[PDB]
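Peer 1: Can you keep this structure in mind? I'll have questions shortly.
A quick note on method: Cβ atoms are made from the backbone with ideal geometry, for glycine too, and the neighbour counts reach across all protein chains shown. Please treat every number below as a calculation from the coordinates, not as lab data.
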Number of protein chains: 2
Amino acid sequence: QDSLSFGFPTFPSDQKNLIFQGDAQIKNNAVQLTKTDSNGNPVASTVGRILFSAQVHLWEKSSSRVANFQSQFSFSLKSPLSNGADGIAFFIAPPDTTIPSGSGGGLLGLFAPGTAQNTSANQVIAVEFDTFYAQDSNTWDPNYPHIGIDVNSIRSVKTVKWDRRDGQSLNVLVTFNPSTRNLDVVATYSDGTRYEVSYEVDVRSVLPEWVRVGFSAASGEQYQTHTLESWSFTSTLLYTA
Amino acid sequence: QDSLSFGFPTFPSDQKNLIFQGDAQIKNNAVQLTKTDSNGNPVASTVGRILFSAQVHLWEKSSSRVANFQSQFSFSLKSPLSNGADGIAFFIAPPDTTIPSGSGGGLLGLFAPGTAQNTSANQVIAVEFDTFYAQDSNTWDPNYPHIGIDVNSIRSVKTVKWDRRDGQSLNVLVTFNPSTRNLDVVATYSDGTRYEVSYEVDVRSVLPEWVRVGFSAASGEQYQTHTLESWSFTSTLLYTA
Ligand SMILES: CO[C@H]1O[C@H](CO)[C@@H](O[C@H]2O[C@H](CO)[C@@H](O)[C@H](O)[C@@H]2O)[C@H](O)[C@@H]1O
Ligand SMILES: CO[C@H]1O[C@H](CO)[C@@H](O[C@H]2O[C@H](CO)[C@@H](O)[C@H](O)[C@@H]2O)[C@H](O)[C@@H]1O
Ligand SMILES: [Ca+2]
Ligand SMILES: [Ca+2]
Ligand SMILES: [Mn+2]
Ligand SMILES: [Mn+2]
């Protein structure tokens, strides 16, 4: 299809079009990306991701078209600790993507240790909401919580300082304009606090024509729940000249 | 997802989200449901169907909601014979639906011979464009080409007279309103000729909560091509009160 869209206002337990990887699962009409105990408390050493089953036609060589897409979603993080880790990320990657070996903790379940910073060894674009930046383990991170755009590397090509609020839902809008090649991110808390970050990227030189979209989250030594509450997505192939 | 939609203005050969069954395949940016030779000419004894891979949430018991959906599509039929057969149908059925054994010819690849007219043995709703009605073989058909609404049986719950035009595209709009429970069908040729037919049906007593949508076509002794040229679909769960 040239166009595709879907919307999950909530996440009822009987899902049919979601690919669950790692510890991801549905609980209380929301997606708990990371593992929790019987009491609903976050645990350490856990990774989880979800992908929509239908593949997205991001670009088409024969027609020289590139898709214009928008992803809207909300999530919340909760943790008895004040150093919650490690973060949640919206990502786009080849359809057969799986959790790389040893991609836990600060690698957010998206990159392999040995090539986490090798841009020519990866095929992924992601928008991370990173809450852990200890310079000893996350050497690639700026020294403060942040939202970043990742293009084939765990070291963001661009970031903006961000504030983690325990238990509060963050509303996010991610848009890609093929005409300008700008990937824009806008995140806001219910009180109006707003954060923005953008970057110009030619998706054609990074990802294949067909991809899958989803979310990933992970907790290493430090932990917190990564609860995905809602999500809607839409993409349309457009002639851009 | 509570809502889902997709659009195929045309059908390029590299598809990822279509399930092809039988002889269906892509040729010249269109879906040829029935088999054709090297010259693109129709042949006898062929059946083929396609289904969109993502499952559609038709209704939800827990929330008492039922989907509002619309399917717009166009096709063309072509044959050197004076009596091209057998027809093409848009249908909705359980996710695991496959071509029934011996469902060729007048059964349109939708029903098995032994239970073709047993409404309690089937789970399918289809809109057929039936071009073959010989009273000696298709005993269940009215005596003329027609558009029919099928509910668990090859013997339409309703039919209206229709004209077959060789090589001319027919545009069709199929909609379902959960509020009135009306399944409406509107078909037109490029010169303005119009056909309409509707039927009241509670989809909840006929189909499971999750289903797949697609098209089916077949040719028995007589033949013709069944070319699907375009298709767009959309559905959204709504509270029915
Ligand atoms: C000195 O490193 C120790 O402590 C690190 C952080 O406490 C730890 O890193 C793990 O946990 C963090 C936070 O969850 C995560 O970002 C890392 O990727 C890693 O999983 C080290 O392993 C040591 O214990
Ligand atoms: C009396 O029946 C004979 O002729 C029928 C029509 O030619 C034929 O039926 C087959 O073909 C029709 C048309 O394609 C189709 O509707 C039937 O389902 C069947 O496949 C009979 O087989 C006999 O030859
Ligand atoms: Ca980090
Ligand atoms: Ca018939
Ligand atoms: Mn980071
Ligand atoms: Mn009929």
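Peer 1: Take the alpha carbon gyration tensor of region B:155-241, find the square roots of its eigenvalues, order them as a ≥ b ≥ c, and report rounded if a/c is under 1.5; if not, report prolate when a/b exceeds b/c, else oblate. Mind showing how you got there, number by number?
Peer 2: Details: a/c = 1.91, a/b = 1.65, b/c = 1.16.
Since a/c reaches 1.5 and a/b is larger than b/c, the shape of region B:155-241 is classed as prolate.
Peer 1: Let me ask another. Show me the three semi-axes of the equivalent ellipsoid for the protein assembly as shown, from the C-alpha gyration tensor (sqrt of 5 times each eigenvalue), largest first, rounded to whole Å. Before the final figure, lay out each step's value.
Peer 2: Working: eigenvalues 467, 113, 66 Å².
Over the Cα atoms of the protein assembly as shown, the ellipsoid semi-axes are 48, 24, 18 Å.
Peer 1: Pop out the ³J(HN,Hα) list for region B:116-126 in order, Karplus 6.51 cos²θ - 1.76 cosθ + 1.60 with θ = phi - 60°, rounded to Hz; leave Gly and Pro as x.
Peer 2: 4, 10, 9, 4, 8, 9, 10, 9, 6, 10, 9
Peer 1: Dividing the convex hull volume of the Cα atoms of region B:2-241 by its residue count, what figure in Å³ per residue is obtained?
Peer 2: On the way: hull volume 28.0 nm³, N = 240.
Looking at region B:2-241, the number lands at 117 Å³ per residue.
Peer 1: Below 30 Å Cα-Cα, how many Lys pairs turn up in region A:4-96? Only count pairs eight or more apart in sequence, or on different chains, if you could. Mind dumping the intermediate values first?
Peer 2: Details: A:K16/A:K27; A:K16/A:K35; A:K16/A:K78; A:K27/A:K35; A:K27/A:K78; A:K35/A:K78.
Pairs that pass both the separation and distance tests number 6.
Peer 1: Additional query: Taking the label point 7 Å from Cα in the Cβ direction, how far apart in nm is B:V186 from each other copy of itself, listed shortest first?
Peer 2: Label point to label point, same position, other copies: 3.5 nm.
Peer 1: What is region A:78-131 by shape, rounded, prolate or oblate, if you read a ≥ b ≥ c off the alpha carbon gyration tensor as root eigenvalues and call it rounded for a/c under 1.5, prolate for a/b larger than b/c, and oblate otherwise? Write down the numbers at each step before the final one.
Peer 2: Details: a/c = 2.29, a/b = 1.84, b/c = 1.24.
Verdict is prolate for region A:78-131.
Peer 1: Is region B:111-218 best put as rounded, prolate or oblate by its Cα gyration tensor, with a ≥ b ≥ c the root eigenvalues, rounded for a/c under 1.5, and otherwise prolate when a/b is larger than b/c, oblate when not? Walk me through the numbers on the way to the answer.
Peer 2: On the way: a/c = 1.91, a/b = 1.16, b/c = 1.65.
Note, shape of region B:111-218 comes out oblate.
Peer 1: Take chain A, connect every pair of alpha-carbon atoms lying under 10 Å apart with a spring to form a Gaussian network, then pick out the residue of A:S71, A:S103, A:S205 with the largest mean-square fluctuation.
Peer 2: For chain A, modelled as a Gaussian network with Cα springs under 10 Å, the answer is A:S205.
Peer 1: Averaging sequence separations of C-alpha pairs under 8 Å and six or more residues apart, then dividing by the length of chain A, give the relative contact order as a whole percent.
Peer 2: Numbers: 656 pairs, mean separation 85.3, N = 241.
It comes to 35 percent, rounded to a whole number.
Peer 1: I need the fraction of alpha carbon pairs in region B:153-195 separated by more than 16 Å, rounded to a whole percent. Spell out each step's value before the answer.
Peer 2: Working: 468 of 903 pairs.
I get 52 percent for the Cα pairs in region B:153-195 exceeding 16 Å.
Peer 1: Related question: Hey, can you grab everything whose amide H is under 5 Å from the amide H of B:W59? Only 5+ residues off in sequence or another chain; H modelled, so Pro and N-termini drop out.
Peer 2: Those lying under 5 Å, H to H, from B:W59 are B:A67.
Peer 1: Starting from the amide H of B:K35, placed 1.01 Å from N in the peptide plane, find each other amide H under 5 Å away whose residue is 5 or more places distant or on another chain.
Peer 2: Residues meeting the amide H criterion: B:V47.
Peer 1: Can you work out D for region A:19-155 in µm² s⁻¹ from Stokes-Einstein, where Rh is the Kirkwood radius over C-alpha pairs, the temperature is 25 °C and the viscosity is 0.890 mPa s?
Peer 2: Details: Rh = 16.3 Å.
Approximately 150 µm²/s, per Stokes-Einstein.
Peer 1: For region B:96-105, what does the Karplus curve 6.51 cos²θ - 1.76 cosθ + 1.60, with θ = phi - 60°, yield as ³J(HN,Hα) per residue in whole Hz, taken in order and with x for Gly and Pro?
Peer 2: Computed from phi, the couplings for region B:96-105 are 8, 4, 9, 4, x, 4, x, 9, x, x Hz.
Peer 1: Taking a label point 7 Å out from Cα toward Cβ, give me the nm distances from B:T139 to the same spot in the other copies, shortest first, one decimal.
Peer 2: Nearest to farthest, the other copies are at 8.2 nm.
Peer 1: So what are the ³J(HN,Hα) numbers for region A:218-233, from phi and the Karplus equation (6.51, -1.76, 1.60; θ = phi - 60°), rounded to whole Hz, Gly and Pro as x?
Peer 2: Using θ = phi - 60°, the values come out as 7, 9, x, 5, 8, 9, 5, 7, 10, 9, 8, 8, 7, 6, 9, 9 Hz.
Peer 1: May I ask you to list the trypsin sites (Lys or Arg not before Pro) in region B:59-150 that are in a DSSP loop and have at most 14 other Cβ atoms within 10 Å of their Cβ?
Peer 2: Values: sites: B:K61, B:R65, B:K78; in loops: B:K61.
Within region B:59-150, the qualifying trypsin sites (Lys or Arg not before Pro) (loop, at most 14 other Cβ atoms within 10 Å) are B:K61.
Peer 1: Average partner chain C-beta neighbours within 10 Å, per residue of A:174-182? Present the calculation step by step, with values, prior to reporting the outcome.
Peer 2: Values: counts 0, 0, 0, 0, 0, 0, 0, 0, 0.
Mean partner shielding for this stretch: 0.
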